[PDB]
Structures are given as structure tokens and as C-alpha cells.
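To start, the structure itself, in C-alpha cells.
Taken together, the values in this text are just the output of simple stated rules run on the coordinates, not laboratory data. Here the Cβ positions follow ideal geometry from the backbone for every residue, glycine too, while neighbour counts run over all protein chains shown.
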Amino acid sequence: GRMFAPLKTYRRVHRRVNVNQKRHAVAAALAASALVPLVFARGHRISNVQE
Amino acid sequence: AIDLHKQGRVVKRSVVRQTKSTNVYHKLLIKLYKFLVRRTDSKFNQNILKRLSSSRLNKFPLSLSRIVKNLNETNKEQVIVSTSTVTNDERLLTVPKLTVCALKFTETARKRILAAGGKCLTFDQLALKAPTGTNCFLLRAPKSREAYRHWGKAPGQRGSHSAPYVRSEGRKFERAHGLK
Amino acid sequence: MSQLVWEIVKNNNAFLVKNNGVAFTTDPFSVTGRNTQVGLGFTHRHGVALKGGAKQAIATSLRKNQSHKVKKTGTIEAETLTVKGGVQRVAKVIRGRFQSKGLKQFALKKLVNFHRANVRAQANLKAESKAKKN
Amino acid sequence: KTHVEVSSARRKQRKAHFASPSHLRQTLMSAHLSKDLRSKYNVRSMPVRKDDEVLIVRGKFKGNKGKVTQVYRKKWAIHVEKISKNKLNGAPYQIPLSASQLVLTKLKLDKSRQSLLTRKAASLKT
Amino acid sequence: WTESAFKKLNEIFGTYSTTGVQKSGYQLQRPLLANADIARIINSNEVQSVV
Amino acid sequence: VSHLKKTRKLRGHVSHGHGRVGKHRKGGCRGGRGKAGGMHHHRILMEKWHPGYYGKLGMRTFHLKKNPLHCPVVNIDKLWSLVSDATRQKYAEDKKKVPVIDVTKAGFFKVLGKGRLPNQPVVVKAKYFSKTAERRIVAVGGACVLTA
Amino acid sequence: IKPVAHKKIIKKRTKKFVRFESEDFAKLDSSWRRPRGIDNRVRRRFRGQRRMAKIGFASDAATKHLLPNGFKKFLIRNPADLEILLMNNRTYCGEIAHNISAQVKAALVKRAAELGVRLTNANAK
Amino acid sequence: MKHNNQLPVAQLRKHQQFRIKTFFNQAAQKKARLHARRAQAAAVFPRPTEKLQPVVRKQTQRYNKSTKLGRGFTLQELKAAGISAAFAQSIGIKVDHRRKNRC
Amino acid sequence: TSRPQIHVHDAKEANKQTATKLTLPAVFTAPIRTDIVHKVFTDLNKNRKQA
RNA sequence: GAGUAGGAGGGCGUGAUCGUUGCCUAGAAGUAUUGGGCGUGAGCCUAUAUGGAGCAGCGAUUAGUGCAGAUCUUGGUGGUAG
RNA sequence: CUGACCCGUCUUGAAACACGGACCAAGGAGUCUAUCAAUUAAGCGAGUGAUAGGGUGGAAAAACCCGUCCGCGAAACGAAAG
RNA sequence: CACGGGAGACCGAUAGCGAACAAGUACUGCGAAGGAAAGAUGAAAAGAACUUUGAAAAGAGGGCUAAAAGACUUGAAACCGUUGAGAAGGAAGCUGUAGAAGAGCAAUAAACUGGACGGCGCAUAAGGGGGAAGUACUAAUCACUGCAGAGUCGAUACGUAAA
Ligand SMILES: [Mg+2]
Ligand SMILES: [Mg+2]
Ligand SMILES: [Mg+2]
Ligand SMILES: [Mg+2]
Ligand SMILES: [Mg+2]
Ligand SMILES: [Mg+2]
Ligand SMILES: [Mg+2]
Ligand SMILES: [Mg+2]
Ligand SMILES: [Mg+2]
Ligand SMILES: [Mg+2]
Ligand SMILES: [Mg+2]
Ligand SMILES: [Mg+2]
Ligand SMILES: [Mg+2]
Ligand SMILES: [Mg+2]
Ligand SMILES: [Mg+2]
Ligand SMILES: [Mg+2]
Ligand SMILES: [Mg+2]
Ligand SMILES: [Mg+2]
Ligand SMILES: [Mg+2]
Ligand SMILES: [Mg+2]
Ligand SMILES: [Mg+2]
Ligand SMILES: [Mg+2]
Ligand SMILES: [Mg+2]
Ligand SMILES: [Mg+2]
Ligand SMILES: [Mg+2]
Ligand SMILES: [Mg+2]
Ligand SMILES: [Mg+2]
């Protein structure tokens, strides 16, 4: 028999972000990429890496 | 068995909202003012804490014109601190010399306050300057919003000046004689 | 920093293992296995790593601040010392690097336990090479 | 991978494989050439034939060498002389083998073969 | 990172003096606290004199 | 989304917080579908939160064309905010000739006075002016010019 | 063999809290559930009935999560976890996962004896 | 129908199930347009992409202040240019015969 | 916010800093806000889905 | 320190997705347990047996996410009863 | 030894001489789209934000840049002339 | 919709199209029309040689195979048989409290830390010089802030009829 809520195609999956927040995000990301504690905290292996 | 209201478990509504924001920095600024509040007997800091824990919406705008309008002879030398975002009023022509401390300066408010010979301050700085809040001026912005007009009294009770929720404003919309 | 990094990694650290709501850390420099500002070596300043080598030698790793220098002393994570005196040497080193009482206690713990550990390990490696030969 | 028209779906491929028509199957079941032959024709792999000489590389039967009795493409089997097992009643039966576990010691030579080999070598070295 | 990479980084984004080129008016986030060490701030003269 | 929703915390409570007596039922309970019975059992609603909903107002427009009714308004206070700072300062010091501000190019048509103006003189080019707009403009040492 | 200090461990209730009428049915397992029934005996605290799961029952904070062997229980998933027990050796005991193979088991047992760590699931022959 | 909220405006009153529009083609479509444009360039190579467009004022009182791209040149204009419609067309110029110059 | 000069390393050699030292871009200055990374990341992941 | 209708705050357990840490022919999942334990409780960990290829934790993302009932659906079985 | 009526349900009132349930497995019920509002976290602020579309781009429907208009706010009161 | 291509935070044999299969099939209906159930031995049939008792099915021996996995992967519950340990004078089950019997590779237990000394094997100690790296200071240098000459890029309701 048919479902409870037969699931549709037009369920809206995609979302749209304000540009400024996309950017702020990318930024803060880059900012993060620069500190040893963080990239090490991510599990990357930076031991023999220098600067 | 005892007849106490709410069983002595009465919740205290007199308290400071525990803030859920995620900027790590708000939480930190807040660590700071928790310190200043318990270890400093200065009302000013406690005040700053209450208002910095504000609902996102409960933080209200400071405009350059707002500051300008509230200025006394002594208000001028004094550090101006708003608990909120400070914004430019485009209709303010000349901008005084100011040392202002807020959470956020609209880049316009910043440009004009700086290019007028002013200084922009952040609360970690304020801490360092005057923890007691000595010679500081704390600006509480005026509270306005559209929501407020739908609140109050209901829309069409006797003497209700409150606004109805309507999808369009037209001659045809809740502007016609009701059923009286 | 140790503050900002706390808030940042307190929950998502890759060195993190949980047991019944008790959060422990895999950090090599952890002064206590448990996940806390203090437990977390890659965060704040005081952290130590210790490895056995060449029969007494303890490799001491002194958590060292992030450095842009002319020469590269060791891993960006930390500083690396070979100590031949080991236990005593490292005990001193600790005493220097950990000023507060607790941190001292903990590091030292890491030591005693570490050492006796490395001793057993030695015994076993011995028996192992004598097993490969005979 | 570089090309949108290349199916990466398990389904599609498995399908291609098992739905393989005979001629394509022969390709699909193929063996690796001996160091010597590799060197001779400049060709790594070759599709197996019923007259070839092969060496079983992997299995309880690894190490044994012999002629290919039957290429039974439907059963997916290659049969090799003396690779049979004996049954208690005194009855012999062949043991089937997967080509990609074989190695080609000596090819059955003839014009078509040589042409194929030639094309492969051609794109290879050039 | 590359050289071209690393250098274009700034032109693309910009800095608290200037806007970005590629983002055409993007201003990076204005920090909430100049100094993120509450250590420094709780532990300085001004603080403790009053405390 | 889903794991935030009430359902999850309602599972096994049997009424789904719709009540044991009054449970969750079809349109009959809604009071009829949509704006149903607004004038009757829903009187109180309509009257109270949408008073003046039922009825008629004054004059039908058969085809209403908005484009020609289009008239953005400006107030005196924002005038100098339209043109750059360069301008108003440079003609505060220089009294030889006076500034012309075209409200038109800014996308506005009528000028209403709202705030007050600097004592420095201006010319303002606009489609319409309010008695007070002109008042304050002229009194400032300024002039009103009619555009199309 | 590294016990620490105990307050005497006191267990408020031993018998598990059995779901009501679950002895009556197969379809009903005994995993507790809170009766919402309108007539329900239990939900009503009828003299003689089960006392349903309550907070007054939670064991005291000091003994909570304490094994009978005296240690708090720590679960070994990968090898790494072992090492953590080092700074924690006297507080916790090791428990090696069921998914970990025989070889790696002996390995971790060795490593444990070395790090001086107590193992509840340790292989005794 | 319960609270103070604004009177709803029915949407799904008819059978909309037959009448829904889906936008996934959009992704590929944009792309297609690109290639089309590009393949135009290549096939037109020596010549320009968009044909010559005159300009006019917009048709509404509010739009007058702005500038807009016309569909074609006024015969009057081609005259003052000294081109025949036909020729201008062989050139890549866009002509519009119903437009008239009042200024 | 530190903006130390960063050395541009040489590939041909295990550890060699080229003669080029470059002052750090503001992107790496940018505050590390995780909120913004969170939201944005979420939505952008969602953008890949087929219905 | 009561509580139905109802509401709020925390937590348990299940797919799949982006991460992160790992386990498995030296035996994964699943299954049985009068083996040993952990939670007040959702539930958990282990042991033994069976099994013979895949699994698991942690942070998030998402949900066709938890059943004793509806003369509930489909399937399988009783007592009546030799 | 002391205590212990059958659960679910509707009901002022259920162990009821009220109804459903002989047993077991698996399935099984507030979703999806739109709309306004209140609250919470985000960004920017007299502004804000695009959509369509252009332009680039990973194998890839992502992403990244552009996007003269438009929305909503920025002025209200009038049936309307205003 | 048809034949093609590729794909998916779909479904995964009571799900997913009704149909993973001789599925719009078997079957029903005068007819229009209705319409299911049903997928997994093994790597390879090596699908159980042979002995024995049977009229025959089949049993007992014996064998294949990593294993019978043998009409077939795993093999839960309800229900049923066997074996074990219990119990019962017109029903059963259950909270609280003790006891008895039965079943057991046992989960708890007088151990642990140190001083001095001894017997063993390994390492090299503290203290003193020394002082790489580290931190702190501090001139000379130098990121950053500030000031800021020349070149190149940009903007500009400053300015011009444009320049
Ligand atoms: Mg009481
Ligand atoms: Mg009106
Ligand atoms: Mg190849
Ligand atoms: Mg909720
Ligand atoms: Mg409830
Ligand atoms: Mg218990
Ligand atoms: Mg098309
Ligand atoms: Mg699913
Ligand atoms: Mg085995
Ligand atoms: Mg868990
Ligand atoms: Mg086995
Ligand atoms: Mg989760
Ligand atoms: Mg179920
Ligand atoms: Mg059931
Ligand atoms: Mg029957
Ligand atoms: Mg009794
Ligand atoms: Mg019953
Ligand atoms: Mg009666
Ligand atoms: Mg009834
Ligand atoms: Mg778009
Ligand atoms: Mg408007
Ligand atoms: Mg037999
Ligand atoms: Mg078996
Ligand atoms: Mg039985
Ligand atoms: Mg008996
Ligand atoms: Mg009995
Ligand atoms: Mg008896």
C-alpha cells in the first residue's frame, strides 16, 4: 500500500546562503587553517611540517 | 506536606539570561564580565553583563544622532558605551569628536566617527580603561519595532489602536465597515 | 588562545574518546588522559611527550609555542630533547616547565608510570630478541 | 575517471560482465603472458584459447602446467590436461579454472592471433 | 600554497584598511575583541588594582 | 529538523497532545474549512482580530495603472546626504556659486521638508515641493527648481 | 592490581524494573516503560504494585558506575585507548572490545601488564 | 481557525498535483545555453555576437529617466545614416519599422 | 592578530627558505567563527542532492 | 518532591550523508544464554556457543527513526481434539 | 509472612454483567509543499537580499565572480481630487 | 510515452513498479474488467561411491567438502517433542522480606605504597661546571600600527561642453 506521506520530487532540498556569510565562512576557515593547534586538532599529520 | 507557593522551588526570573550564541568571542567577552561582575562591586559591569546576554533582538541600535542628542558637557569627555551595534545616521551633518565603545560599528558609523577625529573601542579595551566604569557613559538605545503595534490591545476592541495583520493595504482590506 | 582554542576544540578534537560521558584525550602531550583545558596538550602551553630509546634515553617533547623562526628546531607541535639521564633529567625538566603544584604532580605521574612501563617494555624486547635468536 | 559516459554503477558493470555474449567473454576471461612471451610480443595480457599451454598461478592446483582442454565460456571454465580429480567409483572429472588466475606459457599461433598481437604491440611501444 | 596563490589572497579578500577587489566591497569580519586572551585582560594592572 | 519536532518526544503518549476527549479530527473541528462561518460562529474572531473585514469601500478603479501614479518622496534631512561631502563643505567655504541637487537622478520626485537644513545655500531640482519644503529651502539660503 | 578508596558501595534496588504485564506476554519484553493507562494500577501507586522507575533510586554520586572489582569501567576500542589509562591507571580498569581479534587481544594484554593496567575481560587460562 | 494570525489565502484548493513545475533541468540548461552561445561565436567567427541595437527612453513616466536598448533603428535614422534597411541588415544592424522619432 | 612575515619555501630541497619573505594577508587574520562555517557548510552540502 | 488532559528541560536507541578515530577469515553482522557486570530508566559492555562477511566510536548533517493494542496488514502457529 | 482484580479505551463513574484483545514475527499512523506570526542563533544596517540570467569551474547538477531592474524597508493620512 | 545515455544523502525481496522469477503471468469472471504468490547449496557437483536391513520409501554404517551448507547461507518468536532441576487440596502470575534446593572454568577476597638493608641483572644518578632549543628582557635591526617621496592601477555630484 502507499506510504504515510508519499515522498515527493518537489521537497525543497537546496538552500541558498547570503553571499556575505559564504565569504565570512571561507574567511574564518582560512584563518583557522593558519594555526597549528587547529589543523592538528583536525587529525592532519603536520609533525614534520615547518611553517 | 507544606503549603508553600510552587513548593519553594519557585523559579527566579530576576536573573541574567544564560546566553546561547555561538561566536566564541561573545562567550569569552562574557567570561570577562562574569569576572568583573562577581569580583567588582561596580554596578556598571553587572549592567553590561545583563545587556550583553541579551536576546539577539533585545540588543537595540545606537545611531550617531542618538549619541549626539544625548550629550551633556560632561557626556562629551566621557567614554560612550553601547551594549549593542552602533550605526550611522545619514542625516547627521557634522559628527562630534567621540570615543565610543560598542559591540559592533557599522563601517559607516566607524568611518564617520574616526574621520571626525574619533576613537572606536571594544569591551576588552573598556575593561582596561575603566573597570569601575569611572567617567563612562552607558548608552541604552530607544526601543522601536513593528511587532509592537500588533501587541498591546487587540485590533478592534474599544479604543484599540493596535494594527491588524493584513496581507495588503487597500480600500478593500479590513478598511470596510465591520458587522456592527 | 588556550581560551579560544578551548572553546573551539573542546567538543570536536580528533584526540577525543568518550567513556560514559567522561571525555578522555589521545593527545601525546596530555598531562592527564582526560579532555580538559589542562588535560589537552596541543592547546595550552604545558605538555610533555615521552618515548624510550637507547636503553635509558627518554625523548622528552616540550609543548612549544607556534614559531616563525630563522631555523626550524623541531616539529611545529613541540620541542624534542634526547635525555640520557632520563628519569632524573626529565624530573628536573618537568620541575622547570611545570611551576604550579598540580601540573607537577601529574607530569611526574606520567613519569614514574612511564618509566616502570619502559622497563617492562625493555624486559619484553629482550626476551623477544633472545626468542628470535634461540 | 575523465568521461561522463563511463558507467561507474555496480549494477551496469556486473551486468555487462555476466550478460557477456560469447565473443566478448573470451576477452573477459584472459591470462597473463610469461616473462618470455611478454618480452616477445610486447603484450601484457591475452585472451585464452583451447590449444594454449598455461601455468596455474594460484589455487590448490597452482604450480601445475599443461594444455587447455576446454574453454567452456558458459560455465566460465578453463580445463587443463591432467587437472582432473578422480571419483571413488573410478570416474574422472575435470576441475574448472578462472583465466585471470592463469599464465600463458605457449600460444596457439596463426594469422589472426599474430594480427591482434601486432595491433596491441603497435599502440604499446609507439 | 603557491606564490601567486598567496599573493592574490589579499587582492581577492582585502584588509581592515581596504575592501576586497575580487569580492568587490567585501570587508572582513570586525573582531569582537582585539585581544582574545582573557588571560591578559583579567590579569593586568587595571583589572587587579580594582578587583 | 525531524529530530527537533514534537512527534519524536510524543511517541507513546497516545493522544499526541491533541487531547483524550477532543481528539484530532477533520474540518468539523476546524469550525468548517478556511474562512468558514467567519460571520457566524467565527464572528468573534473576525470582529476582534480583523475588524472591518466584511463590507465595501468607496470607489472602483476598473483598470488601475500604477506606473503613472509613481512618485517617490524625499525629505529635506537626506538632501545633503545624497550628494558627497566634498560638495557641501567646498561651498560652505566658497560663496561664489551655489550647489544644485537633482532629486531626479536619485529616483525621487516630490520634496517634502522633514528635518531642517544647514545654513549653507542649495538649489534643488525636483518634480514637486511641499509648502514647508520650499519654506526651509529658501530660508536656508537656497532655491527650488521645477523639473519634468 | 590497583584499587583505590571506596565508600562502601550501596545499591538502592537490585531487582530490575520490569515492564508491567510483561511476564504475561511474549510479545511484551521486560524493558521498562511508563504506564499512561487511565485505569492503570501501577501508574496509580496501588498498594502492592511495582514501584515504577524513580529518581529516589539513583545510586549516590560517589559509587555510581563502580565495578565490583573496585574500578571504573573503560572500554578499549583501538590500541590507543590503552595508553590513556596510564595517567588514569589507578582509577579505571581496561575492557577490551569483543570485536578485537585474538592476536591483538594477547597484544593488548601484554601492553596492559606493561602499563600496569587492570583487565576485567583479560584471558585467564 | 483559531488565533489572531492574518486570514489565510488558499493555495491548494484545486488539484495542483497535475500542475507542479520542477527546476532540475535549470542546471544543465544554463550549461546548454553557454555552449549554444559559444557555438554561435565559432560559426559567426569574423562577425560580432549581438547585432546593432539603437537606444530609447522607457515607456512609463517612472522609467523616462532611464535608458533602454531598442529593438530596431528608425527608418528616419537609417536615412540620416544613409543606409537602406536591406543593407543595414546585410551589415548586422537591427531595424524596426514601427518605431518613430518624435525628438 | 599577528601578521608575521612568512617564508616561501623551496621544493628542490628538504628544508630551504627562498629569499622571499611575505607579510601575512588579512584573510588569515579573520575571526575563527564556527557558527558561520557551520551554517554555510550545512546548506552547501545540501546543494548537491538529486530529488 | 502527588498528577490525567496538557507544556517545558535533559537523555536512550535506529538507518543514511560530510568529517574524525578505529575493528574484522588470528572470524564482522545476526542469533541463544541458569556466564560477569554497568546505568533510576530508556538501554550498555563483556563472556560462551552459533555464524562466515562485513563492522564500529566520536562531531555534525538528514529522517519512511522506536508498536501491545486500531473486529489494524501479510505470514506462521496454538487450545478446542484424535 | 505482608501486600496484589485485566489491560487498552470512552466516561462523573471500569475488575465490571461496557467495547477491542486466543498466540508470534514483520509491517503499521502528524508528514510534505505553501502562507503569516512570535521566539532563538547568523550576516549587514538606512539599508538589505536576491530570483531569472550572465561568466567561470571539479570527471560531475557543486563552487566561485557578475547581475542598471525587482522585493521589502525608508511616509503618512484620505473613497477620492489631494 | 518509446528506444537510448548517465546519475542519486531513493528502496532493498511483507521494501522497491503489481511483476528481481515461463509477470500483466497462474487463476476468476458471460463480459466490461480482476490479478497474485514465487530471489540467495557450494570456490568448484565434488549432488552423496560402497557395505548392510528393508517389498518400497527409508534406517544404520561408510564417504565428499574448509563445513554438510545436502535442497540447500544465517535459521529468531509462537507452537511441539526429548532430557534435566523444581512446584501443585475449587486457577495463574506479581511489589516488599528472608529461607531452601539446583546449576556452574570464580565475576569479589588479608593486597597495596614507601624507608633502610641484602641477594640478582640493567643503567648511569644527584650536586657542579656546561649551557643548544625555550621563555623573558633589550639597544641595533625588522612584520604590524603610524608617517610617508617616485612609478603603475582605481575611484571621484571636486572640475570642464568633453579633455
Ligand atoms: Mg514531603
Ligand atoms: Mg490607501
Ligand atoms: Mg592492465
Ligand atoms: Mg520541542
Ligand atoms: Mg503528556
Ligand atoms: Mg540494576
Ligand atoms: Mg529540452
Ligand atoms: Mg531507510
Ligand atoms: Mg578457523
Ligand atoms: Mg554508545
Ligand atoms: Mg567456529
Ligand atoms: Mg547523532
Ligand atoms: Mg515492528
Ligand atoms: Mg505485534
Ligand atoms: Mg486451529
Ligand atoms: Mg497473601
Ligand atoms: Mg491479562
Ligand atoms: Mg454490574
Ligand atoms: Mg463502542
Ligand atoms: Mg543561481
Ligand atoms: Mg513601500
Ligand atoms: Mg544414511
Ligand atoms: Mg556448521
Ligand atoms: Mg517445552
Ligand atoms: Mg518431580
Ligand atoms: Mg505451580
Ligand atoms: Mg511433587
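Just need a number here: residues in region F:94-148 that are more than 14 Å from chain B (Cβ to nearest Cβ) and either within 16 Å of ligand 6 (Cβ to nearest atom) or of a type in the set (S, T, N, Q) (or both).
Number of matching residues: 4.
Which one is nearest to ligand 6 (Cβ to nearest atom) among residues in region G:85-111 that are among the polar types (S, T, N, Q) and within 12 Å of chain C (Cβ to nearest Cβ)?
Step by step, filter region G:85-111, then rank; the result is G:91.
Could you tell me whether region F:47-55 includes any residue that is within 16 Å of ligand 2 (Cβ to nearest atom) and out of contact with any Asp or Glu (no Cβ under 9 Å at 6 or more places or on another chain)?
The answer is yes, given that some residue of region F:47-55 is within 16 Å of ligand 2 (Cβ to nearest atom) and out of contact with any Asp or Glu (no Cβ under 9 Å at 6 or more places or on another chain).
Of the residues F:101, F:76, F:44, which is of a type outside the set (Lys, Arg) and more than 29 Å from the chain's Cα centre (by Cα)?
F:44
Any chance region B:146-163 includes a residue that's facing another protein chain (nearest Cβ under 8 Å), away from ligand 2 (no atom under 16 Å from the Cβ) and among the aliphatic types (A, V, I, L, M)?
Checked region B:146-163: at least one residue is facing another protein chain (nearest Cβ under 8 Å), away from ligand 2 (no atom under 16 Å from the Cβ) and among the aliphatic types (A, V, I, L, M).
Exactly one condition in (1) loosely packed, with under 10 Cβ neighbours inside 10 Å; (2) in contact (Cβ under 8 Å) with a residue 12 or more places away in the chain; (3) more than 10 Å from RNA strand L (Cβ to nearest atom) is not met by residue G:53; state its number.
(1)
Kindly check whether there is at least one residue in region D:64-80 that is of a type in the set (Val, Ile, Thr) and outside any strand (DSSP E or B).
No, region D:64-80 contains no residue that is of a type in the set (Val, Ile, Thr) and outside any strand (DSSP E or B).
Restricted to region B:29-41, and to residues that are surrounded by fewer than 21 Cβ atoms within 10 Å (Cβ to Cβ) and within 8 Å of another protein chain (Cβ to nearest Cβ), which residue is farthest from residue B:135 (Cα to Cα)?
B:31
Here is a check on your reading of the model: is residue G:38 exposed (fewer than 10 other Cβ atoms within 10 Å of the Cβ) and within 16 Å of ligand 5 (Cβ to nearest atom)?
Yes; evaluated as a whole, the condition is true for this residue.
Test each condition in (1) of a type outside the set (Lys, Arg); (2) out of contact with any strand residue (DSSP E or B) (no Cβ under 8 Å at 6 or more places or on another chain); (3) in a loop (DSSP other than H, G, I, E, B) for residue A:38 and report the one that comes out false.
Exception for residue A:38: condition (3).
Go through region G:106-124 residue by residue and tally those that are in contact (Cβ under 8 Å) with a residue 12 or more places away in the chain and either surrounded by 16 or more Cβ atoms within 10 Å (Cβ to Cβ) or not in a helix (DSSP H, G or I) (or both).
Number of matching residues: 13.
Looking at the structure I just gave you, is residue C:91 at negative phi and away from RNA strand L (no atom under 11 Å from the Cβ)?
No.
For residue F:25, which of the numbered conditions (1) more than 14 Å from chain B (Cβ to nearest Cβ); (2) outside any loop (DSSP other than H, G, I, E, B); (3) more than 16 Å from ligand 5 (Cβ to nearest atom); (4) of a type in the set (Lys, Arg) fails to hold?
Every listed condition holds for residue F:25 apart from (2).
Any chance you could count how many residues in region I:16-44 are more than 7 Å from every other protein chain (Cβ to nearest Cβ), in a strand (DSSP E or B) and surrounded by fewer than 17 Cβ atoms within 10 Å (Cβ to Cβ)?
Of the residues in that region, 5 qualify.
Consider residue H:24 carefully, then state whether it is within 14 Å of chain A (Cβ to nearest Cβ) and surrounded by 10 or more Cβ atoms within 10 Å (Cβ to Cβ).
Details: within 14 Å of chain A (Cβ to nearest Cβ): yes; surrounded by 10 or more Cβ atoms within 10 Å (Cβ to Cβ): yes.
Yes: the conditions hold for residue H:24.
Give region F:75-133 a look and list any residue that's free of Cβ contacts under 8 Å to residues at least 12 places away in the same chain and either within 16 Å of RNA strand J (Cβ to nearest atom) or of a type outside the set (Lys, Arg) (or both), or say none.
Scanning region F:75-133 gives F:81, F:84, F:85, F:86, F:89, F:93, F:94.
Which residues, counting only those in region G:63-90, are out of contact with any strand residue (DSSP E or B) (no Cβ under 7 Å at 6 or more places or on another chain), assigned to a loop (DSSP other than H, G, I, E, B) and surrounded by 11 or more Cβ atoms within 10 Å (Cβ to Cβ)?
G:63, G:64, G:70, G:77, G:78, G:79, G:89, G:90
Please tell me if residue B:6 is on the phi > 0 side of the Ramachandran plot and out of contact with any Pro (no Cβ under 6 Å at 6 or more places or on another chain).
It is true that residue B:6 is on the phi > 0 side of the Ramachandran plot and out of contact with any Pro (no Cβ under 6 Å at 6 or more places or on another chain).
Please indicate, with yes or no, whether at least one residue in region G:20-27 is on the phi > 0 side of the Ramachandran plot, without any contact (Cβ under 8 Å) to a residue 60 or more places away in the chain and either assigned to a loop (DSSP other than H, G, I, E, B) or within 16 Å of RNA strand K (Cβ to nearest atom) (or both).
Within region G:20-27 (the criterion being on the phi > 0 side of the Ramachandran plot, without any contact (Cβ under 8 Å) to a residue 60 or more places away in the chain and either assigned to a loop (DSSP other than H, G, I, E, B) or within 16 Å of RNA strand K (Cβ to nearest atom) (or both)), the answer is yes, since at least one residue qualifies.
Does residue F:13 fit the bill of being within 16 Å of ligand 4 (Cβ to nearest atom), within 30 Å of residue G:43 (Cβ to Cβ) and within 10 Å of another protein chain (Cβ to nearest Cβ)?
For residue F:13, the condition - within 16 Å of ligand 4 (Cβ to nearest atom), within 30 Å of residue G:43 (Cβ to Cβ) and within 10 Å of another protein chain (Cβ to nearest Cβ) - is met.
Among (1) within 15 Å of RNA strand K (Cβ to nearest atom); (2) within 14 Å of chain C (Cβ to nearest Cβ), where does residue G:67 come up short?
Just one mismatch for residue G:67, condition (1).
Which condition number in (1) of a type outside the set (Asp, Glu); (2) within 24 Å of the chain's Cα centre (by Cα); (3) more than 22 Å from residue B:32 (Cα to Cα) is the one that residue B:126 fails?
With respect to (1) of a type outside the set (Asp, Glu); (2) within 24 Å of the chain's Cα centre (by Cα); (3) more than 22 Å from residue B:32 (Cα to Cα), residue B:126 is out only on (3).
Looking only at region H:52-74, decide whether some residue is away from chain B (no Cβ under 14 Å), of a type in the set (A, V, I, L, M, F, W, C), exposed (fewer than 10 other Cβ atoms within 10 Å of the Cβ) and not in a loop (DSSP other than H, G, I, E, B).
yes
Please give the strands (runs of 3 or more DSSP E) falling wholly within region F:72-136 in which 2 or more residues are buried (at least 17 other Cβ atoms within 10 Å of the Cβ) and on the phi > 0 side of the Ramachandran plot.
Details: elements: F:73-75, F:100-102, F:110-112, F:123-126.
Passing ranges: none, list empty.
Quick check, is residue F:67 polar (S, T, N, Q), out of contact with any helix residue (DSSP H, G or I) (no Cβ under 7 Å at 6 or more places or on another chain) and away from chain B (no Cβ under 11 Å)?
Yes.
Against the definition (farther than 30 Å from residue E:39 by Cα and among the hydrophobic types (A, V, I, L, M, F, W, C)), how does residue B:109 come out, yes or no?
Yes; evaluated as a whole, the condition is true for this residue.
Checking the conditions here, which among B:114, B:103, B:64 is more than 15 Å from the chain's Cα centre (by Cα) and at negative phi?
Working: B:103 fails: more than 15 Å from the chain's Cα centre (by Cα); B:64 fails: more than 15 Å from the chain's Cα centre (by Cα).
The unique qualifying residue is B:114.
How do the pairs read when you match residues in region G:1-18 that are touching a residue at least 40 places away in the same chain (Cβ under 8 Å) and in a loop (DSSP other than H, G, I, E, B) with residues anywhere that are surrounded by 10 or more Cβ atoms within 10 Å (Cβ to Cβ) and charged (D, E, K, R), using Cβ under 7 Å and keeping only pairs 6 or more apart or on different chains?
Once the first residue is touching a residue at least 40 places away in the same chain (Cβ under 8 Å) and in a loop (DSSP other than H, G, I, E, B) and sits in region G:1-18, its partners that are surrounded by 10 or more Cβ atoms within 10 Å (Cβ to Cβ) and charged (D, E, K, R) give G:1/G:118; G:2/G:90; G:2/G:118; G:4/G:90; G:10/G:60.
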